[PDB]
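Bear in mind these aren't lab numbers, they're just calculated from the coordinates by the rules spelled out. Ideal geometry is used to build each Cβ from the backbone, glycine not excepted, and the neighbour counts take in all protein chains shown.
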Amino acid sequence: XXXXXXXXXXXXXXXXXXXXXXXXXXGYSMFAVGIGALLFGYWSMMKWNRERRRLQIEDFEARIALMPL
Amino acid sequence: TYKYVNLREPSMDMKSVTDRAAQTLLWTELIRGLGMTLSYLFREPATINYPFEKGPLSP
């Protein structure tokens, strides 16, 4: 018997198929997070600015209180 | 046989236009491209250093 190269089929590798698929973000869903992060962003930032006003008047008060300076 | 490279505009109305506009306004697909090489960093490199390891050959 003579032995040569043998053939293999099984699944035939599956040639030409789109492996690319959309993931995580769809379109409308990411905009709700996007503007949602903005709405949370400005609201939390301005609370510290109002807290800065408590310091702002009190810091400049030191110059008014000190006249022997 | 003809495979055709032209897509002939995937966008049409409302839902198909806005998601195609969202990827061009910010990024999304570029962050998806950023994540492609992320997994490539995680997997081990197929590298052979010569003075100790040797490469594959034939009889």
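If I go through the stretch A:40-56 residue by residue, how many of them are of a type in the set (A, V, I, L, M) and surrounded by fewer than 10 Cβ atoms within 10 Å (Cβ to Cβ)? Give the steps one after another, and end with the answer.
Keep residues of the stretch A:40-56 that are of a type in the set (A, V, I, L, M), which gives A:45-46, A:55.
Adding the requirement that they be surrounded by fewer than 10 Cβ atoms within 10 Å (Cβ to Cβ) leaves A:45, A:55.
Adding up the residues that qualify gives 2.
Which number in (1) over 19 Å from residue B:24 (Cβ atoms); (2) facing chain B (nearest Cβ under 10 Å) marks the one condition that residue A:55 misses?
With (1) over 19 Å from residue B:24 (Cβ atoms); (2) facing chain B (nearest Cβ under 10 Å) applied to residue A:55, the lone miss is (2).
For every residue, the table says whether it meets (1) in contact (Cβ under 8 Å) with a residue 40 or more places away in the chain; (2) assigned to a helix (DSSP H, G or I); (3) more than 25 Å from residue B:16 (Cα to Cα).
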| residue | (1), (2), (3) |
| --- | --- |
| A:8 | no, no, yes |
| A:13 | no, no, yes |
| A:24 | no, no, no |
| A:30 | no, yes, no |
| A:33 | no, yes, no |
| A:41 | no, yes, yes |
| A:53 | no, yes, yes |
| A:62 | no, yes, yes |
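Out of B:11, B:58, B:16, which single residue is surrounded by 10 or more Cβ atoms within 10 Å (Cβ to Cβ) and either farther than 22 Å from residue A:26 by Cα or in contact with a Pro (Cβ under 8 Å, 6 or more places away or on another chain) (or both)? Step through it out loud before you land on a result.
On the way: B:11 fails: either farther than 22 Å from residue A:26 by Cα or in contact with a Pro (Cβ under 8 Å, 6 or more places away or on another chain) (or both); B:58 fails: surrounded by 10 or more Cβ atoms within 10 Å (Cβ to Cβ).
B:16 is the lone residue from the list that is surrounded by 10 or more Cβ atoms within 10 Å (Cβ to Cβ) and either farther than 22 Å from residue A:26 by Cα or in contact with a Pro (Cβ under 8 Å, 6 or more places away or on another chain) (or both).
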